[PDB]
Structures are given as structure tokens and as C-alpha cells.
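Written out below as C-alpha cells is the structure these notes cover.
Cβ atoms come from the backbone with ideal geometry, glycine included; neighbour counts cover every protein chain shown. Nothing in this text is a laboratory measurement; each read-out follows from the coordinates by a stated rule.
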DNA sequence: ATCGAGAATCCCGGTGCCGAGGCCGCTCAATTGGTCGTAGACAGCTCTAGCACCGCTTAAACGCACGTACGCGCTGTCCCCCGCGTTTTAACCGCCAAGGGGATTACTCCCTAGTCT
DNA sequence: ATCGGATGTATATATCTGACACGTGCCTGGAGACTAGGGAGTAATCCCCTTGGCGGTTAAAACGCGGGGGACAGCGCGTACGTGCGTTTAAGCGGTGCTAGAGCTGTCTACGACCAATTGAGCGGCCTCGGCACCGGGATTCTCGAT
DNA sequence: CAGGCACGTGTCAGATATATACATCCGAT
């Protein structure tokens, strides 16, 4: 398949099918699904790296949505990319204002 | 071959149902477009434009002017309580702002 | 060129509502941009809402639903009434 | 029955072989990837429409990624995507 | 035994290829007809054909309907359909095919007479195919094809004694008849890493001795045309025959000869043997398969016996390459 | 007896509620509120359980963000105790009114 | 020696700049700033005048909104002078 | 169904505000937060019920709720 | 060719004062001018980046107003009027 | 709680000016019959998951009593920005060169679904 | 001092996965020469639209300085809001029992997608006269100093 | 049209939490 041909793990066939049926433009070029697959693979790899690094803390070998929210909020740029989205049962990162503390 | 009558006149509207149909076609929003969709959308645009210009015309009339300029339009849009909510994320070129001063900003008098 | 706009149209609407008022060119372009913005917004909402329900077309039902979604209370109510009267008059031919 | 479960699981195994992912976080990743793909595709579509070009190509998605993502993520993503497409070309 | 079933599968394959734009249904039907024609028993039911690998559900039901009734309702309906039958008949002309068949039938051209009356609507290849419609559909007796080999070899060595020309195919396999002429030519000065005219002199001198009379297409490496044996001037002239000449580099000539000698089942059997033994063989070269599957550089080939030696397989004569 | 300084157990409790990821709202009263606010728009409509859970999660996120922002405003006012003035100003400055 | 009380001339110009609708910023310094910010990214750019007008008055709108919210923040703190700490409040709680 | 608004209790608001990161709460916070929660909930429910009505079905779906949430900028993850 | 520099100071103090008066303030603290200039510079940079990327698309060396109003529409401004 | 003396701020015409709006010629895209193709409408069938009810259990909510600590309220200092002359200066205002690029138009190359081997 | 509470370790629940087998729609068909055409890239203008100087011209920015009002501390009550302890109340949980409608599948048929002719409505040039931008005087209104 | 097969879907030992008893440091008075 083309995913092996492009050295990628996200399905180029499925994303090409979505571009066909999502009705974004009348015809879609050849490299468009490949390039989307690469971009999505990079973003997912970054998210999972941050989540795994967070799960290394707290001695948790399994990814939890709390870990995912922590990893997203700790990063600077990923915080702004996902600013207006809420993760279900994700909670918030710990933060107490200095004036409140004695 | 009878005398052709435009579909906007058949529906009794002013905005063209034909142009809206064309824009829906080559706007790539759906594969197929029904017959009633453009006439409904044209009627909606008629109502919205009528509301805007009625308010702008009133704002020009009580400002002793007989021609709508962007100031009148922005005053009409921002003055209404719910028409503002439709257009609360938009800025109008050469629009200006409504005159409002908070109470504490006024002098204490006495 | 062959640039298109909503000049003839909005002028006719104004003369229908206010018989003794004119539009400055900047304000006229503002009205044009407003019309294009609302058209794009409504059509995009209708397109998305058609795509969810696995349907393959845009009709009066989902445009009515879209103008019930984006338009708030009074404005939405009157716009829906005007649109449905207009479409009934059209299909009556 | 659309899902991205096997692919994100493969990516996780490639990056962190020893770490498992729960079902709820799995669904969160599914929603996140769908969100990003929809956002990029919509941006590319409207960008193609403004320029009056009728087809989406690699360049238009490259530009859409450049707008949507912030700086260093944008440059990393465009480098990786260009590498992938030039690999697929040969 | 099973001639009717095979004939019906052939007709269905022809209709699928020419009328349906379905090359894979045509291939499946031809494969079923081939495997049925080799079955040494009179078929008693479609399920009997279904137990063995090959024939699927649809073909089994069609065979069962034939055994019950002696025909297929769909086949009978499509036989009397003027448009579909006209398309199928027009696709028999060399050069006139599916696209041309639909276009011609859509514009009223359904028979050979209409094709002759509409010469201006046919290209050179279609016109020549129309001219030799009867001749092309005839098979070539082995003696006439031996004579054509003799003429071709004398002309080739007349061009240059360093040329090497081989007549491949069912003839090289020793079959008593073939449907066309296949010649493979090479010159030591022409390798994969080395003239744009080497085909041209052979073609031109074959024109000069009036052996080949028509040109269907001609390039620097591939020529397809029409040739005819010289008449005695007192006996009936020989029918026109199809001839193809392929120019292949010397390092790929013997691989090409092995490919074009066949037979096809023998080709896949040898290819599977090479694959299961760690080699990949194509029409052009022979390459190794690594432990990770990566193909290597092509190995030097100087004979068919060489290719047989690399795959540790005893050299089999083309007479013994039936499968 | 041994009592705590006001704010101390408040800090312990703020830590224990900020680390964990519960729902913090009783499910049944929220579901009853959703059903009672939904019947105004359409009479006798059913509700999927996951829809109620999604509504609760969204309300939790919205309210917790609003409370963080209005606490920030209160601390800005040289003040530590939150009053409704703060909430309505946080709503107004964010464009919601 | 007739001097107005402080603050009164402030309110009456408030009336003036809320009643009129000009640009409130000189064209040439804004154009030079825009060209500088543009050449920071890439060189050899030319701008249409409508483009720099669009940037100018969009910037006016943004700064007007920011000062409106900053005034709200200042009045909240029982104070009539806006200091930068009010600006970081407005920027932070607006979500940017 | 009558005063479900009072269903959410004052300690529940207190715990939620604690998660928000606040130390002291006035007395009038509870009424204001009940009001703002009611207005936010009705704003979401209006769009969700509109989506449900367009689908010609008499039960809402969590998919409709996340769609109505995404419509007004509050994107939600973890439900599809 | 004439590399521009030091133009952020070109936005004069009276200009910020006038914008503040339009906003509705009574008095201005002395050190908000630098913060306002910084706030403005970051906003112009955010808009100009998108406009320049749009202009890089279609291989065009001039920045029109229509692409920059598209860039403004990207960031939730949706400018009317121009274009 | 007044008057009085000055600074802003609307009403009087005039003056003219440039653009809003009819008007005409042109042209190309709505409009009108006609064909096909298929997308939903509509029915009928599962079956599942959502509403209703009951009891058991217990953890959180509610009410009451105190303690005290932030919130306002009131003074007191001082300093920092505002109002108002003077003194530059850089933004306008045309007034042109000038040349670079953004649309148009004719010419030639990836691709492309087969067409056959 | 001094009396009590959030983290490290054992340690028996508990529990939610990941690899392992079926099922069933996707999915590529397998090797390549042509082959006659469609979008897309490329060269050649036209002019217009932006940029760069050029000198007057003055509105606006820069600056200085008195001083008055507000920002900021500081102190003082005091009542509103934390803790703490009964108690009681309704939430979770775990069953049952229906049954309304979510979702799926099979027919058709009535809408829409193309498609030639046709024309009339909308788009560019093109004037032309009037709504309105200035523009000084003349009354009006607003504001601050005395008393 | 025929195969090949990559996702989708049940199903169970076991890593992976998870709640429950002491010791220790901290924390406020």
C-alpha cells in the first residue's frame, strides 16, 4: 500500500477517502493525503511523547486522561494550539496564587 | 416558449435566487442543492438587510442627515440589544463607538 | 473585469423601505461585505449540518435549522417566518 | 466504524514501547486527530477557494499547516511532511 | 466433455472485456474456462466445479443453469442485443476496440461495411486492422512460420552479422501453429548502459525485400507491423500476418527471450521457484532477494542456461516449457 | 481543643480538589436540572446518559474556568475574598455579556 | 490666569473622540511600522494602500477595545488611573 | 420538575470553586453562579435540541451535545 | 535597500492618549505607553504573519487588502468594509 | 446659592464640489423545456437502552454555635500626571519619473483512462 | 514544647487491558510500450499602481512647569465567613420490569444534474446636479472664581 | 471476479492500579 510506500503509519487510503467524501474541493491531488498523514503522525507522536513523559512521573505505566491534560497544559505551544478545547475528566494543572499562600 | 419570468419575481423577493443558487453550486458546500434552499436563503438575507437599513435610516433621520454613511450603520448595529449579538465579533471601517461614560467617571458635583 | 456585488439589490431594498435616503459608497461596500459574510456563515452551517446527518444535499429544512441556530430569538423567529412564507409562495407558483 | 485506534497504538509503541493507553484516553486521541484533520482540511479548502484554484495539492495543505500551527511545530511539521512526500515520490 | 461450458465462459469474458469495461471479470472468466477445459471429466454440476479452487459462486450457478436448461438467459439476452453484439464484433478488429466500439455504435457504425465506408474516422492502425481482418484471425501453420523465420534471419544477418535474433513463443516451444510472429533482436553494441537506429536498418531492409508490408507502430526499440510471404506468382498468395520485433539490450536479451518463450504457467512456476529460492526475476534482469527483501543489482546473464543455473534448476528445453 | 487557622484546611482542601479529577457535582440533581430546563424547548424528550455526562463535564469546565478568572480579578482588586461583582465583571470582560 | 480644573478638559475631548470617527494615528509612522514588521519576515514587499488602511483601522478597533476593558478593570479596583497591571489583567482574562 | 436549580448545593459550588483555585467565598456567590450556570446550560440545550429536532428523532444524543458545544467555541474531547 | 528601523517609537504619546480618550478613560498613568506599544507590535506581527503567508501563496510579491482581511477573519475579527 | 467673566458650541446664510444616481450599450449567465440517475420517503422489523419503581445503606448536606480576620471607612502624605504656554518637526500636499508586477493570450508539457501488448 | 495529620511500604482486591482467533467489507489487482487528447506550466506583453524623491506649509509633537487631585499607606472596628459537631436527608447502588424509538433494510419515484437556445437583467462608461463638507459671525451653553 | 487481507469484534491471565494498616516528618499554636 501507499502508506508503506510513503514510510508512514497513518492510513493514506483512509484520509484520501475522507478528502473525497468530506467534500472540500472537487478533485484532490496525489500528495495531499500523504502530506496530511505525515502532519497528523507528527502531531500524534508529539502528544504521545509528552503524555508518556508525564506518565513517567507519578509511577504510572498507563496513560490516563489526567496525564494527557497535564502534558498539554505544561507545554507552551501545544497549550495555544488546543486553547479552546476541554479534555473530559482531565482536571487542571496545580496552581495557587502567591498572595493566597501565607 | 412563454415570456420568461425570473424566479425571484416568482417568489416575490428582491435578492436573486439565481445568484444564490449559483454560489451554492460552485461554493462546494454540498453535492446537490434543493430547489427551496436558495429561495429560503434569499428571503432570510432580505429580512436581515431590511432590518439593518431600517435601523440605519432611523439613525440618519434623527441625526438630521439624508444619506447613510458607515457611522450611521455602526450606530444602528451596535445600538440594538440583540442585533449586536449577531454582529458582536465584527468591526466596521470608519465606524466609531457609542458615547458612554461610567458614572464614577463623571465629576462628583456637590 | 467582471466583479459582482449586491449594489442593485440593496439599493432596491432601501428604496422599498426608505423612499428618501441614499447610501454612501463606503457604507454600500460595508453592506455588501455584511451580506457576503452572512451568506457564507449560513451556507457553511447548513453544509456542516447536512454532513452530519449522512445526507448528501442542502434543502430548505437545514437552512431553516441553520438560521434558527445562528440567529438569536426575535430575529430568528421573524426570519424563519419570512423565509417559510416566501418558499410557500414560490412553490405555489 | 471509523477509528484511528490501531494507528495511534502503533505510534505509541514506536515512541514508548513499554507504556499502555487506556480506552478513555484512546477516545480522546481519536477526537483530537479528527479535530486537527477537519481543521486543516477546512482551512486548505477555503484557501483553495480564495485563490480560485479547483484542486487541493501539497502546497495548499503546506500553507494551511503553516497558518494553523504555531512556529516551531509548524516548521517541524512542514519538514516532516516534505520528507514524507519526497519519499513517496520516489 | 465440457466444450459448451468453456465456450460460454469465453463468450462471457468477451462481453465483460468489450461491453462491460471489466477486465477483471474477463480474466476470471478466462481462468475458469482454462481450468475447466483442463478438467478430464464431464461436469455434472456447478458445485463439482466449485469444490476445486478456482470457479466461484456465480460461475457455478451459471454452469448449473446451463446443465438444467442448455443456455443462460443473460447470455441469450446479450447475444441478441444489437448494441452489445455490435460492440463485441467491432472489438475483434485490430485497433478498433472498446472506446472505438462504443463511439462507432453510438454514431451508427456497427459492422465492417460501415467501417469501410467511414475510413476517415479510423487511424492508420485501425485502417490496417480493418484491411486484414480475415487474415489476422487466421492461424499460421508451422511451415509458413519456419519460412518467415528463415527470411527474417537472412535479412537480419544481412543487416549486420553481429546481430542476434530469436523467434520466441509457442513456436520456440515447438507448437504446430501460432497466431503471430515474435522476433527478439539484440546487438553487442547495445546494452542497458550504452544506437537509436538499430531496429531501423532491420525494419528498412525487411521493407526492401518486401517481406513486411505495413507498419502499425515503430519506435527505437519496438516495432509492430504486418508481413506476408512472397508469392510463387502461380499459386494463391499467402495471407497477411502480424509481426512484432523487440530490441532488447544484450544484458537483458536472454531474460527477454526466456519471458517471451513461455509458456505462461511455466513462467509463473519458474518465478515462484526463484522467489522461494531468494531471487526476483522480471522480463529484463535477475536480482537477489535479501534477508529483508531488498532487491540487489542485476546479475550478469549470457544465456537461458545461465538463468536456469542461478535458480538451481535444470535447463528445460522450450518444448518442455508447457508448464 | 486543636482547631485549624482559617485558610489552612482551606489550602489542604484546595490541594486535594485540584490534584484529583472527579465530577464535583451530584449526578442526580444535575440530571433533574437538565431535564427541567430542557422541557421548556420541547415537551417529553428523552436523554441519553452520555449526553447528560457530557453536559455535566462541559458545565464543570466552564464554571471552573470562570472561577479561576474571577479569583484572578479579586486578587487584582487587592482583595482575597470573592464577591459577585467579580463574577459579573469577569463575564463582561470576556465578551459573554 | 484662568485654568480649567483637571479632568474636565478630559471628559469634553472624550466627547469629541467618541463623536467623531477619524483614524487618530498618523498614516506615515504606521505605514513605516508595518513595513518594518513585514521586512522582519521576508524582504522585498510592496503594500497596497487599502491594505495598510485595513491594518490601521483594525488596530484602532483592537486598541479601543483593549482600553475599554482596561477601564473596566481600573474602575473595579476603586481607581480611575489605568496602569499596566490593568493591561495584563485585560489580556490575561480575555484569553490571549 | 420545579426548583432543580437548588439541586446543585452550596458545598458543591464551594468544591468547584476550590478546584478553580480560590480561598474565600462570599455569601452571594451561590445565587450568581446558579444563575450563570442556568444561562449557560440553556444556551447549550437550545442548540442541542435544535440539532435533535432536525434529525426527526425525539431523543438527544451526546454527539448532538458535543456538536452544539463545538458550535459556540467550547470544543469538547472524549465523546466522539 | 533602505532597511527600516526604530519605528515603534513613531506611534507618539498623543496618539495613545487620543485612543485612550476614545476608549473612555479620564486620566492616563505615565508608563502605559510602552506597554501599549508592545501590545500593538505583537498584534501587528500576528496579523502580518498570516497576511504574508497568504501573499506567499499564489507567488505574489504584493500584499493586497483582501488577503489581509482574510487573515483578520482567521483570528476572529471578520473586518467589514474593505474588500 | 448665587452673579459675572470668559472659553466651547450650536444656528444663520453662502460656496462650491465631487460623487450618487440615472441612462445607454453590451454581453453572458439565468431561464425554459427536455432527458436520465439516484437519494431520500416511506413502509416494516428488530431489540436496546432509557424511563420508572423499590429497598438498602451511608456519605454528604444542613443547621446551629463560636472566633476572628479581611473588608470597608476614614485620615494623612506626597507625587505624578494634567492643563497650558512655547519651540521644533515631521506629517501632509501635490507633482511628477519609473519601473515592476498582476492580469490576459498564445504555446507546450504531466497525466490519464484506457489500449493493447 | 505538643497533640495530632499528609506521605512511604506491605498487602489482599480488582480490574481493565493486549494478544489471540473469527468475520467481512476494502483493495489492489501485474509486467509494461503507446495514445489521443485535457489541466497545468511557460513565455510575451499593457498599463497601472506602487514607490521614490522634490520642495512648501503648517498641524501636531516635544518640552517645561506649577500644582491639585488621586494612589498609596496606615489604623480601627465589626460583622461576615471560616471551622466544628450533631443529625438527617437524599444520593449511589443494585436489582427488576416495561416499551418508545434508534437504527437497519427493501422498494420506488419524484426531485435534481446536465444540456442546447434564448434573452433580459446586470455590469461598465458617462455625465450632472445636489447633499453635504467648510466657514466666519451671532447667539447660546458650560465652567470656574468670588462672596 | 477472485483472492488477499487489514480493520472491527469477542474473551481471557495478568500487569496495573487501588484501597487499607502502620512509621515519619511537618505544621501550627
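Annotations for the structure displayed:
- Residues that are facing another protein chain (nearest Cβ under 7 Å), touching a strand residue (DSSP E or B) at 6+ places or on another chain (Cβ under 7 Å) and over 16 Å from residue H:18 (Cβ atoms) do occur in the stretch F:48-56, at least one of them.
- Checking each residue in the stretch D:17-47 for being over 18 Å from the mean Cα position of the chain (by Cα) and farther than 21 Å from residue A:4 by Cα picks out D:18, D:19, D:20, D:21, D:22, D:23, D:24, D:25.
- Residues located in the stretch G:41-58, provided they are in a helix (DSSP H, G or I), surrounded by fewer than 16 Cβ atoms within 10 Å (Cβ to Cβ) and touching a helix residue (DSSP H, G or I) at 6+ places or on another chain (Cβ under 8 Å): G:41
- Residue that is crowded, with 17+ Cβ neighbours inside 10 Å and within 14 Å of DNA strand L (Cβ to nearest atom), where the choices are F:10, F:38: F:10
- Single residue of the stretch B:62-74 satisfying the filter (surrounded by 12 or more Cβ atoms within 10 Å (Cβ to Cβ) and part of a loop (DSSP other than H, G, I, E, B)) that is farthest from the other protein chains (Cβ to nearest Cβ): B:63
- Only one of G:24, G:11 that is part of a loop (DSSP other than H, G, I, E, B) and under 25 Å from residue B:102 (Cα atoms): G:24
- Conditions (1) touching a helix residue (DSSP H, G or I) at 6+ places or on another chain (Cβ under 6 Å); (2) under 18 Å from residue A:33 (Cβ atoms); (3) away from DNA strand L (no atom under 16 Å from the Cβ); (4) more than 7 Å from chain A (Cβ to nearest Cβ): number failed by residue D:83: (1)
- The numbered conditions (1) buried (at least 22 other Cβ atoms within 10 Å of the Cβ); (2) within 15 Å of DNA strand J (Cβ to nearest atom) are all true for residue B:77 except (2).
- Matching helices (runs of 4 or more DSSP H) fully within the stretch E:1-98 where at least 1 residues are more than 21 Å from residue E:323 (Cβ to Cβ) and more than 16 Å from DNA strand J (Cβ to nearest atom): E:3-18, E:46-51, E:57-69, E:73-79, E:82-90
- Filtered by the rule that a residue be within 7 Å of chain B (Cβ to nearest Cβ) and closer than 25 Å to residue B:87 by Cα, the stretch C:59-70 gives C:60, C:63, C:64, C:67.
- Out of G:72, G:33, G:89, G:66, sole residue that is facing another protein chain (nearest Cβ under 7 Å), more than 10 Å from DNA strand K (Cβ to nearest atom), under 13 Å from the mean Cα position of the chain (by Cα) and part of a helix (DSSP H, G or I): G:66
- When residues of the stretch B:21-51 are limited to those that are more than 7 Å from chain C (Cβ to nearest Cβ) and crowded, with 24+ Cβ neighbours inside 10 Å, the one farthest from DNA strand J (Cβ to nearest atom): B:42
- Scanning the stretch E:188-198 turns up one or more residues that are away from DNA strand L (no atom under 16 Å from the Cβ), farther than 22 Å from residue E:262 by Cβ, outside any loop (DSSP other than H, G, I, E, B) and touching a strand residue (DSSP E or B) at 6+ places or on another chain (Cβ under 7 Å).
- Identity of the residue in the stretch H:31-48, within 14 Å of DNA strand J (Cβ to nearest atom) and surrounded by fewer than 19 Cβ atoms within 10 Å (Cβ to Cβ), that ends up nearest to the other protein chains (Cβ to nearest Cβ): H:31
- Residue identified as within 13 Å of DNA strand J (Cβ to nearest atom) and either more than 14 Å from chain B (Cβ to nearest Cβ) or not in a loop (DSSP other than H, G, I, E, B) (or both) among I:70, I:54: I:54
- Members of the stretch C:1-36 that are facing chain B (nearest Cβ under 8 Å) and closer than 20 Å to residue I:69 by Cβ: C:4, C:6, C:10, C:24, C:26, C:27, C:30, C:31, C:34, C:35
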